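This is protein_34.pdb. It holds PDB, N, CA, C and O atoms.
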ATOM      1  N   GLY A   1      52.925  38.864  30.391
ATOM      2  CA  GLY A   1      53.168  39.599  29.164
ATOM      3  C   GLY A   1      53.538  41.051  29.396
ATOM      4  O   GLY A   1      52.764  41.795  29.989
ATOM      5  N   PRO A   2      54.734  41.450  28.935
ATOM      6  CA  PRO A   2      55.243  42.829  28.923
ATOM      7  C   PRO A   2      54.494  43.733  27.959
ATOM      8  O   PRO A   2      54.369  44.928  28.199
ATOM      9  N   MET A   3      53.994  43.146  26.880
ATOM     10  CA  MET A   3      53.153  43.847  25.919
ATOM     11  C   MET A   3      51.988  44.562  26.590
ATOM     12  O   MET A   3      51.381  45.454  26.005
ATOM     13  N   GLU A   4      51.685  44.157  27.820
ATOM     14  CA  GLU A   4      50.566  44.699  28.577
ATOM     15  C   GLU A   4      51.047  45.406  29.836
ATOM     16  O   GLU A   4      50.423  46.358  30.287
ATOM     17  N   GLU A   5      52.148  44.933  30.408
ATOM     18  CA  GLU A   5      52.754  45.610  31.549
ATOM     19  C   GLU A   5      53.176  47.012  31.163
ATOM     20  O   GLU A   5      52.805  47.989  31.811
ATOM     21  N   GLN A   6      53.956  47.104  30.093
ATOM     22  CA  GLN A   6      54.354  48.395  29.567
ATOM     23  C   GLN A   6      53.128  49.260  29.323
ATOM     24  O   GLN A   6      53.138  50.445  29.608
ATOM     25  N   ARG A   7      52.063  48.661  28.810
ATOM     26  CA  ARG A   7      50.848  49.413  28.516
ATOM     27  C   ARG A   7      50.231  50.008  29.773
ATOM     28  O   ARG A   7      49.857  51.181  29.810
ATOM     29  N   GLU A   8      50.125  49.191  30.812
ATOM     30  CA  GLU A   8      49.446  49.624  32.022
ATOM     31  C   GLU A   8      50.272  50.690  32.721
ATOM     32  O   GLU A   8      49.724  51.653  33.263
ATOM     33  N   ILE A   9      51.589  50.546  32.680
ATOM     34  CA  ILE A   9      52.442  51.511  33.356
ATOM     35  C   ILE A   9      52.521  52.817  32.549
ATOM     36  O   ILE A   9      52.664  53.900  33.102
ATOM     37  N   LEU A  10      52.376  52.703  31.237
ATOM     38  CA  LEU A  10      52.275  53.850  30.342
ATOM     39  C   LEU A  10      51.016  54.658  30.624
ATOM     40  O   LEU A  10      51.033  55.890  30.615
ATOM     41  N   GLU A  11      49.915  53.961  30.880
ATOM     42  CA  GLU A  11      48.681  54.639  31.261
ATOM     43  C   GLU A  11      48.775  55.163  32.685
ATOM     44  O   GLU A  11      48.063  56.095  33.063
ATOM     45  N   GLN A  12      49.661  54.572  33.475
ATOM     46  CA  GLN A  12      49.879  55.050  34.832
ATOM     47  C   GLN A  12      50.579  56.418  34.816
ATOM     48  O   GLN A  12      50.159  57.384  35.490
ATOM     49  N   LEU A  13      51.644  56.502  34.024
ATOM     50  CA  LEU A  13      52.293  57.782  33.779
ATOM     51  C   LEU A  13      51.283  58.773  33.268
ATOM     52  O   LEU A  13      51.149  59.820  33.857
ATOM     53  N   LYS A  14      50.555  58.452  32.199
ATOM     54  CA  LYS A  14      49.574  59.413  31.689
ATOM     55  C   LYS A  14      48.589  59.882  32.758
ATOM     56  O   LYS A  14      48.153  61.039  32.742
ATOM     57  N   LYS A  15      48.238  59.008  33.693
ATOM     58  CA  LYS A  15      47.470  59.480  34.841
ATOM     59  C   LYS A  15      48.231  60.601  35.541
ATOM     60  O   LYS A  15      47.825  61.764  35.484
ATOM     61  N   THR A  16      49.352  60.256  36.166
ATOM     62  CA  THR A  16      50.099  61.231  36.966
ATOM     63  C   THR A  16      50.426  62.523  36.202
ATOM     64  O   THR A  16      50.466  63.608  36.778
ATOM     65  N   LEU A  17      50.624  62.421  34.898
ATOM     66  CA  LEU A  17      50.877  63.604  34.090
ATOM     67  C   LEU A  17      49.609  64.425  33.960
ATOM     68  O   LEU A  17      49.651  65.653  33.988
ATOM     69  N   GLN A  18      48.473  63.754  33.820
ATOM     70  CA  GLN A  18      47.207  64.475  33.815
ATOM     71  C   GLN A  18      47.020  65.230  35.138
ATOM     72  O   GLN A  18      46.596  66.390  35.150
ATOM     73  N   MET A  19      47.373  64.585  36.246
ATOM     74  CA  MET A  19      47.249  65.215  37.559
ATOM     75  C   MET A  19      48.186  66.409  37.726
ATOM     76  O   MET A  19      47.797  67.427  38.299
ATOM     77  N   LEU A  20      49.410  66.298  37.221
ATOM     78  CA  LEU A  20      50.371  67.394  37.350
ATOM     79  C   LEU A  20      50.108  68.540  36.382
ATOM     80  O   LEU A  20      50.550  69.650  36.620
ATOM     81  N   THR A  21      49.401  68.280  35.291
ATOM     82  CA  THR A  21      48.927  69.374  34.456
ATOM     83  C   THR A  21      47.765  70.067  35.156
ATOM     84  O   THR A  21      47.639  71.285  35.097
ATOM     85  N   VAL A  22      46.916  69.287  35.822
ATOM     86  CA  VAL A  22      45.847  69.875  36.626
ATOM     87  C   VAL A  22      46.431  70.826  37.668
ATOM     88  O   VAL A  22      46.022  71.982  37.759
ATOM     89  N   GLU A  23      47.408  70.341  38.426
ATOM     90  CA  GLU A  23      47.992  71.113  39.518
ATOM     91  C   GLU A  23      48.662  72.416  39.081
ATOM     92  O   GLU A  23      48.707  73.380  39.840
ATOM     93  N   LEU A  24      49.189  72.454  37.865
ATOM     94  CA  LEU A  24      49.726  73.704  37.338
ATOM     95  C   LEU A  24      48.623  74.471  36.617
ATOM     96  O   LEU A  24      47.442  74.305  36.923
TER      97      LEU A  24
ATOM     98  N   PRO B   2      58.131  90.385  35.375
ATOM     99  CA  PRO B   2      58.910  89.157  35.166
ATOM    100  C   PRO B   2      58.088  87.915  35.449
ATOM    101  O   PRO B   2      58.028  87.030  34.601
ATOM    102  N   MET B   3      57.462  87.859  36.622
ATOM    103  CA  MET B   3      56.571  86.760  36.955
ATOM    104  C   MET B   3      55.419  86.693  35.954
ATOM    105  O   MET B   3      54.782  85.656  35.812
ATOM    106  N   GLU B   4      55.163  87.796  35.255
ATOM    107  CA  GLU B   4      54.157  87.817  34.197
ATOM    108  C   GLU B   4      54.632  87.008  32.994
ATOM    109  O   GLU B   4      53.882  86.202  32.436
ATOM    110  N   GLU B   5      55.882  87.230  32.600
ATOM    111  CA  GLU B   5      56.491  86.496  31.494
ATOM    112  C   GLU B   5      56.597  85.006  31.809
ATOM    113  O   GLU B   5      56.263  84.158  30.981
ATOM    114  N   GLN B   6      57.065  84.696  33.014
ATOM    115  CA  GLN B   6      57.155  83.316  33.466
ATOM    116  C   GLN B   6      55.787  82.658  33.486
ATOM    117  O   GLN B   6      55.640  81.520  33.063
ATOM    118  N   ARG B   7      54.788  83.380  33.981
ATOM    119  CA  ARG B   7      53.419  82.876  33.991
ATOM    120  C   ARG B   7      52.932  82.594  32.579
ATOM    121  O   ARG B   7      52.198  81.637  32.346
ATOM    122  N   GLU B   8      53.336  83.443  31.641
ATOM    123  CA  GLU B   8      53.033  83.212  30.235
ATOM    124  C   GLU B   8      53.656  81.897  29.783
ATOM    125  O   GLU B   8      53.006  81.067  29.138
ATOM    126  N   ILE B   9      54.924  81.717  30.139
ATOM    127  CA  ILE B   9      55.647  80.493  29.825
ATOM    128  C   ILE B   9      54.904  79.269  30.343
ATOM    129  O   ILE B   9      54.647  78.336  29.593
ATOM    130  N   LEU B  10      54.538  79.288  31.620
ATOM    131  CA  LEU B  10      53.803  78.186  32.222
ATOM    132  C   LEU B  10      52.442  77.997  31.572
ATOM    133  O   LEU B  10      51.903  76.897  31.571
ATOM    134  N   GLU B  11      51.880  79.067  31.027
ATOM    135  CA  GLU B  11      50.619  78.950  30.309
ATOM    136  C   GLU B  11      50.831  78.112  29.051
ATOM    137  O   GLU B  11      50.125  77.117  28.816
ATOM    138  N   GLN B  12      51.823  78.514  28.257
ATOM    139  CA  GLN B  12      52.211  77.766  27.059
ATOM    140  C   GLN B  12      52.494  76.306  27.388
ATOM    141  O   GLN B  12      52.018  75.397  26.708
ATOM    142  N   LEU B  13      53.272  76.098  28.445
ATOM    143  CA  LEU B  13      53.624  74.773  28.924
ATOM    144  C   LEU B  13      52.403  73.928  29.249
ATOM    145  O   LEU B  13      52.245  72.849  28.700
ATOM    146  N   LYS B  14      51.548  74.412  30.142
ATOM    147  CA  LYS B  14      50.351  73.677  30.538
ATOM    148  C   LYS B  14      49.483  73.335  29.330
ATOM    149  O   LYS B  14      48.890  72.256  29.261
ATOM    150  N   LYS B  15      49.419  74.249  28.368
ATOM    151  CA  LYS B  15      48.692  73.968  27.132
ATOM    152  C   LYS B  15      49.320  72.793  26.385
ATOM    153  O   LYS B  15      48.628  71.844  25.969
ATOM    154  N   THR B  16      50.640  72.862  26.229
ATOM    155  CA  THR B  16      51.388  71.817  25.546
ATOM    156  C   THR B  16      51.123  70.472  26.201
ATOM    157  O   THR B  16      50.766  69.519  25.528
ATOM    158  N   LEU B  17      51.274  70.413  27.520
ATOM    159  CA  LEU B  17      51.005  69.195  28.271
ATOM    160  C   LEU B  17      49.586  68.693  28.085
ATOM    161  O   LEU B  17      49.351  67.492  28.076
ATOM    162  N   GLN B  18      48.633  69.605  27.954
ATOM    163  CA  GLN B  18      47.271  69.176  27.671
ATOM    164  C   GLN B  18      47.239  68.429  26.343
ATOM    165  O   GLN B  18      46.645  67.353  26.236
ATOM    166  N   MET B  19      47.901  68.990  25.336
ATOM    167  CA  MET B  19      47.970  68.329  24.033
ATOM    168  C   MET B  19      48.656  66.957  24.111
ATOM    169  O   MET B  19      48.115  65.949  23.646
ATOM    170  N   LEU B  20      49.846  66.937  24.703
ATOM    171  CA  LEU B  20      50.625  65.722  24.890
ATOM    172  C   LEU B  20      49.818  64.627  25.555
ATOM    173  O   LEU B  20      49.713  63.529  25.026
ATOM    174  N   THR B  21      49.249  64.934  26.717
ATOM    175  CA  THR B  21      48.463  63.968  27.476
ATOM    176  C   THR B  21      47.247  63.515  26.674
ATOM    177  O   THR B  21      46.868  62.345  26.722
ATOM    178  N   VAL B  22      46.653  64.427  25.914
ATOM    179  CA  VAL B  22      45.562  64.047  25.026
ATOM    180  C   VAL B  22      46.005  62.978  24.027
ATOM    181  O   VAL B  22      45.291  62.002  23.794
ATOM    182  N   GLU B  23      47.192  63.162  23.453
ATOM    183  CA  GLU B  23      47.700  62.249  22.428
ATOM    184  C   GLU B  23      48.234  60.935  22.982
ATOM    185  O   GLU B  23      48.174  59.912  22.304
ATOM    186  N   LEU B  24      48.768  60.963  24.199
ATOM    187  CA  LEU B  24      49.184  59.741  24.874
ATOM    188  C   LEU B  24      48.047  58.729  24.896
ATOM    189  O   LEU B  24      48.098  57.672  24.266
TER     190      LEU B  24
ATOM    191  N   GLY C   1      51.071  78.984  44.920
ATOM    192  CA  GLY C   1      51.083  79.019  46.369
ATOM    193  C   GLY C   1      52.488  79.216  46.893
ATOM    194  O   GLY C   1      53.230  80.033  46.362
ATOM    195  N   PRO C   2      52.873  78.464  47.931
ATOM    196  CA  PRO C   2      54.235  78.643  48.437
ATOM    197  C   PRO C   2      55.264  78.234  47.395
ATOM    198  O   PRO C   2      54.949  77.468  46.488
ATOM    199  N   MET C   3      56.473  78.766  47.510
ATOM    200  CA  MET C   3      57.526  78.481  46.547
ATOM    201  C   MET C   3      57.889  77.003  46.559
ATOM    202  O   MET C   3      58.192  76.414  45.517
ATOM    203  N   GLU C   4      57.846  76.409  47.748
ATOM    204  CA  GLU C   4      58.252  75.022  47.935
ATOM    205  C   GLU C   4      57.368  74.049  47.158
ATOM    206  O   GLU C   4      57.868  73.125  46.508
ATOM    207  N   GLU C   5      56.060  74.277  47.205
ATOM    208  CA  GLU C   5      55.113  73.438  46.482
ATOM    209  C   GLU C   5      55.375  73.515  44.985
ATOM    210  O   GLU C   5      55.332  72.505  44.275
ATOM    211  N   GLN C   6      55.676  74.716  44.513
ATOM    212  CA  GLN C   6      55.997  74.922  43.113
ATOM    213  C   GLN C   6      57.261  74.175  42.711
ATOM    214  O   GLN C   6      57.344  73.596  41.616
ATOM    215  N   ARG C   7      58.249  74.187  43.600
ATOM    216  CA  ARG C   7      59.485  73.458  43.346
ATOM    217  C   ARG C   7      59.229  71.953  43.257
ATOM    218  O   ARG C   7      59.757  71.268  42.371
ATOM    219  N   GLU C   8      58.385  71.442  44.149
ATOM    220  CA  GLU C   8      58.077  70.018  44.126
ATOM    221  C   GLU C   8      57.354  69.629  42.853
ATOM    222  O   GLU C   8      57.724  68.655  42.221
ATOM    223  N   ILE C   9      56.382  70.424  42.426
ATOM    224  CA  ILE C   9      55.693  70.097  41.188
ATOM    225  C   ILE C   9      56.634  70.124  40.010
ATOM    226  O   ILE C   9      56.569  69.258  39.154
ATOM    227  N   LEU C  10      57.517  71.108  39.947
ATOM    228  CA  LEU C  10      58.431  71.114  38.813
ATOM    229  C   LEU C  10      59.357  69.903  38.819
ATOM    230  O   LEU C  10      59.545  69.260  37.782
ATOM    231  N   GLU C  11      59.868  69.534  39.989
ATOM    232  CA  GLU C  11      60.791  68.403  40.046
ATOM    233  C   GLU C  11      60.115  67.082  39.685
ATOM    234  O   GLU C  11      60.674  66.246  38.953
ATOM    235  N   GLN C  12      58.879  66.928  40.135
ATOM    236  CA  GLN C  12      58.132  65.723  39.827
ATOM    237  C   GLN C  12      57.753  65.704  38.363
ATOM    238  O   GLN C  12      57.755  64.657  37.748
ATOM    239  N   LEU C  13      57.429  66.854  37.792
ATOM    240  CA  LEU C  13      57.132  66.885  36.372
ATOM    241  C   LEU C  13      58.352  66.471  35.579
ATOM    242  O   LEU C  13      58.240  65.765  34.574
ATOM    243  N   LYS C  14      59.526  66.905  36.020
ATOM    244  CA  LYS C  14      60.732  66.493  35.322
ATOM    245  C   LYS C  14      60.870  64.971  35.375
ATOM    246  O   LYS C  14      60.998  64.320  34.338
ATOM    247  N   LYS C  15      60.758  64.400  36.571
ATOM    248  CA  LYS C  15      60.911  62.949  36.714
ATOM    249  C   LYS C  15      59.863  62.135  35.945
ATOM    250  O   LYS C  15      60.191  61.185  35.241
ATOM    251  N   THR C  16      58.605  62.521  36.042
ATOM    252  CA  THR C  16      57.550  61.814  35.332
ATOM    253  C   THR C  16      57.732  61.908  33.837
ATOM    254  O   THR C  16      57.490  60.956  33.097
ATOM    255  N   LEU C  17      58.163  63.068  33.387
ATOM    256  CA  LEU C  17      58.357  63.280  31.967
ATOM    257  C   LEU C  17      59.510  62.405  31.428
ATOM    258  O   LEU C  17      59.431  61.821  30.332
ATOM    259  N   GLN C  18      60.573  62.303  32.219
ATOM    260  CA  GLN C  18      61.713  61.460  31.878
ATOM    261  C   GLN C  18      61.292  59.988  31.773
ATOM    262  O   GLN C  18      61.689  59.287  30.843
ATOM    263  N   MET C  19      60.468  59.528  32.719
ATOM    264  CA  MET C  19      59.963  58.140  32.694
ATOM    265  C   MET C  19      59.149  57.890  31.456
ATOM    266  O   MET C  19      59.267  56.858  30.823
ATOM    267  N   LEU C  20      58.327  58.863  31.103
ATOM    268  CA  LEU C  20      57.535  58.728  29.906
ATOM    269  C   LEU C  20      58.465  58.542  28.749
ATOM    270  O   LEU C  20      58.163  57.814  27.811
ATOM    271  N   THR C  21      59.610  59.207  28.805
ATOM    272  CA  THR C  21      60.557  59.062  27.710
ATOM    273  C   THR C  21      61.219  57.683  27.749
ATOM    274  O   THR C  21      61.617  57.150  26.715
ATOM    275  N   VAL C  22      61.317  57.089  28.935
ATOM    276  CA  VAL C  22      61.837  55.728  29.018
ATOM    277  C   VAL C  22      60.885  54.725  28.396
ATOM    278  O   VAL C  22      61.274  53.933  27.569
ATOM    279  N   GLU C  23      59.613  54.807  28.739
ATOM    280  CA  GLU C  23      58.678  53.793  28.282
ATOM    281  C   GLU C  23      58.387  53.775  26.814
ATOM    282  O   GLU C  23      58.352  52.714  26.223
ATOM    283  N   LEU C  24      58.193  54.923  26.201
ATOM    284  CA  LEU C  24      57.845  54.886  24.796
ATOM    285  C   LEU C  24      59.022  54.346  23.998
ATOM    286  O   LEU C  24      58.863  53.418  23.216
TER     287      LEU C  24
END
Give the structure from this file in structure tokens form.
Amino acid sequence: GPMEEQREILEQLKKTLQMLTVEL
Amino acid sequence: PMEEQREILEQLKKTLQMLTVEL
Amino acid sequence: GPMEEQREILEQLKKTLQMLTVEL
């Protein structure tokens, strides 16, 4: 199910974005 | 100048905090 | 810190942000 793949990868981005806001 | 840019990055980092919060 | 590290963070922020725009 893509309904969940998209979700998990969306939360993956939000991770890395949280990390890059930390770094700045 | 780096003061103004630093201000910009301050605004930016704040914005990203909001964005990531809403995500 | 060094200019190079700053350049890498900005470039990665651009890419991650673009991906976020792909997924939503």
Pull out every residue of chain A that has at least one atom within 7 Å of chain B, counting only N, CA, C and O atoms, and report them as JSON, numbers by chain. {"A": [14, 17, 18, 21, 24]}
Prev. selection, N, CA, C and O atoms, output as a compact mmCIF listing (two decimals), in the frame of the given file:
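Written out: again32.txt:
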# COMPACT_ATOMS: atom_id res chain seq x y z
N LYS A 14 50.56 58.45 32.20
CA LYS A 14 49.57 59.41 31.69
C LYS A 14 48.59 59.88 32.76
O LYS A 14 48.15 61.04 32.74
N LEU A 17 50.62 62.42 34.90
CA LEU A 17 50.88 63.60 34.09
C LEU A 17 49.61 64.42 33.96
O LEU A 17 49.65 65.65 33.99
N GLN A 18 48.47 63.75 33.82
CA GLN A 18 47.21 64.47 33.82
C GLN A 18 47.02 65.23 35.14
O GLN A 18 46.60 66.39 35.15
N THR A 21 49.40 68.28 35.29
CA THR A 21 48.93 69.37 34.46
C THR A 21 47.76 70.07 35.16
O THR A 21 47.64 71.28 35.10
N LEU A 24 49.19 72.45 37.86
CA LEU A 24 49.73 73.70 37.34
C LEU A 24 48.62 74.47 36.62
O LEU A 24 47.44 74.31 36.92
One decimal, in Å: what's the spacing between atom O of residue C:4 and atom N of residue C:23?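 According to the coordinates, atom O of residue C:4 and atom N of residue C:23 are separated by 25.6 Å.
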Quick one: contact table of chain A to chain C, 7 Å max, nearest atom pair and distance in Å to one decimal per residue, counting only N, CA, C and O atoms, chain and number order, as a tab-separated table?
residue	atom	partner	partner_atom	distance
A:6	O	C:23	CA	6.6
A:10	CA	C:23	CA	6.7
A:13	CA	C:16	O	6.1
A:17	N	C:16	CA	7.0
A:20	O	C:9	O	6.5
Over all Cα atoms in order, fit chain C to chain A and jot down the RMSD to one decimal place. 1.4 Å
N, CA and C atoms of chain C from block above, as a PDB file, in the first residue's frame:
ATOM      1  N   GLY C   1      30.342  27.460  11.360  1.00  0.00           N
ATOM      2  CA  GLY C   1      31.676  26.894  11.300  1.00  0.00           C
ATOM      3  C   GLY C   1      32.331  27.195   9.970  1.00  0.00           C
ATOM      4  N   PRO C   2      32.993  26.201   9.367  1.00  0.00           N
ATOM      5  CA  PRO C   2      33.621  26.483   8.075  1.00  0.00           C
ATOM      6  C   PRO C   2      32.578  26.810   7.018  1.00  0.00           C
ATOM      7  N   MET C   3      32.986  27.527   5.980  1.00  0.00           N
ATOM      8  CA  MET C   3      32.067  27.936   4.928  1.00  0.00           C
ATOM      9  C   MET C   3      31.496  26.725   4.203  1.00  0.00           C
ATOM     10  N   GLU C   4      32.330  25.701   4.047  1.00  0.00           N
ATOM     11  CA  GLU C   4      31.960  24.508   3.297  1.00  0.00           C
ATOM     12  C   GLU C   4      30.793  23.760   3.935  1.00  0.00           C
ATOM     13  N   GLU C   5      30.837  23.619   5.256  1.00  0.00           N
ATOM     14  CA  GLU C   5      29.770  22.950   5.988  1.00  0.00           C
ATOM     15  C   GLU C   5      28.458  23.702   5.813  1.00  0.00           C
ATOM     16  N   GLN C   6      28.543  25.024   5.845  1.00  0.00           N
ATOM     17  CA  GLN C   6      27.377  25.864   5.643  1.00  0.00           C
ATOM     18  C   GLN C   6      26.793  25.687   4.248  1.00  0.00           C
ATOM     19  N   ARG C   7      27.675  25.572   3.261  1.00  0.00           N
ATOM     20  CA  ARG C   7      27.232  25.344   1.892  1.00  0.00           C
ATOM     21  C   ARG C   7      26.515  23.999   1.762  1.00  0.00           C
ATOM     22  N   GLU C   8      27.057  22.974   2.414  1.00  0.00           N
ATOM     23  CA  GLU C   8      26.431  21.660   2.352  1.00  0.00           C
ATOM     24  C   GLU C   8      25.063  21.668   3.003  1.00  0.00           C
ATOM     25  N   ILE C   9      24.934  22.302   4.160  1.00  0.00           N
ATOM     26  CA  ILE C   9      23.625  22.359   4.793  1.00  0.00           C
ATOM     27  C   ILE C   9      22.631  23.103   3.937  1.00  0.00           C
ATOM     28  N   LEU C  10      23.039  24.209   3.335  1.00  0.00           N
ATOM     29  CA  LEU C  10      22.074  24.909   2.498  1.00  0.00           C
ATOM     30  C   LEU C  10      21.648  24.073   1.296  1.00  0.00           C
ATOM     31  N   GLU C  11      22.596  23.391   0.662  1.00  0.00           N
ATOM     32  CA  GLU C  11      22.248  22.604  -0.518  1.00  0.00           C
ATOM     33  C   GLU C  11      21.331  21.430  -0.184  1.00  0.00           C
ATOM     34  N   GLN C  12      21.590  20.804   0.954  1.00  0.00           N
ATOM     35  CA  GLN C  12      20.763  19.692   1.383  1.00  0.00           C
ATOM     36  C   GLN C  12      19.398  20.188   1.803  1.00  0.00           C
ATOM     37  N   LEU C  13      19.328  21.352   2.430  1.00  0.00           N
ATOM     38  CA  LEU C  13      18.029  21.896   2.781  1.00  0.00           C
ATOM     39  C   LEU C  13      17.223  22.162   1.529  1.00  0.00           C
ATOM     40  N   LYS C  14      17.884  22.649   0.486  1.00  0.00           N
ATOM     41  CA  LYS C  14      17.165  22.873  -0.756  1.00  0.00           C
ATOM     42  C   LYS C  14      16.598  21.553  -1.276  1.00  0.00           C
ATOM     43  N   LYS C  15      17.444  20.529  -1.360  1.00  0.00           N
ATOM     44  CA  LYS C  15      16.988  19.236  -1.880  1.00  0.00           C
ATOM     45  C   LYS C  15      15.882  18.583  -1.043  1.00  0.00           C
ATOM     46  N   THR C  16      16.040  18.571   0.267  1.00  0.00           N
ATOM     47  CA  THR C  16      15.032  17.987   1.137  1.00  0.00           C
ATOM     48  C   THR C  16      13.723  18.733   1.044  1.00  0.00           C
ATOM     49  N   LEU C  17      13.820  20.043   0.938  1.00  0.00           N
ATOM     50  CA  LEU C  17      12.630  20.864   0.861  1.00  0.00           C
ATOM     51  C   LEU C  17      11.861  20.605  -0.453  1.00  0.00           C
ATOM     52  N   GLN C  18      12.613  20.449  -1.539  1.00  0.00           N
ATOM     53  CA  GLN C  18      12.037  20.133  -2.839  1.00  0.00           C
ATOM     54  C   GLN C  18      11.308  18.784  -2.801  1.00  0.00           C
ATOM     55  N   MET C  19      11.921  17.785  -2.158  1.00  0.00           N
ATOM     56  CA  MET C  19      11.294  16.455  -2.021  1.00  0.00           C
ATOM     57  C   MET C  19      10.009  16.549  -1.248  1.00  0.00           C
ATOM     58  N   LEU C  20      10.029  17.345  -0.193  1.00  0.00           N
ATOM     59  CA  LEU C  20       8.830  17.527   0.586  1.00  0.00           C
ATOM     60  C   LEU C  20       7.767  18.073  -0.314  1.00  0.00           C
ATOM     61  N   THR C  21       8.171  18.914  -1.254  1.00  0.00           N
ATOM     62  CA  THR C  21       7.182  19.475  -2.163  1.00  0.00           C
ATOM     63  C   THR C  21       6.697  18.413  -3.153  1.00  0.00           C
ATOM     64  N   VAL C  22       7.539  17.426  -3.445  1.00  0.00           N
ATOM     65  CA  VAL C  22       7.093  16.327  -4.295  1.00  0.00           C
ATOM     66  C   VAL C  22       6.048  15.471  -3.605  1.00  0.00           C
ATOM     67  N   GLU C  23       6.305  15.088  -2.367  1.00  0.00           N
ATOM     68  CA  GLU C  23       5.409  14.158  -1.702  1.00  0.00           C
ATOM     69  C   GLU C  23       4.046  14.679  -1.367  1.00  0.00           C
ATOM     70  N   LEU C  24       3.946  15.891  -0.864  1.00  0.00           N
ATOM     71  CA  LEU C  24       2.630  16.355  -0.481  1.00  0.00           C
ATOM     72  C   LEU C  24       1.765  16.503  -1.724  1.00  0.00           C
TER      73      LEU C  24
END
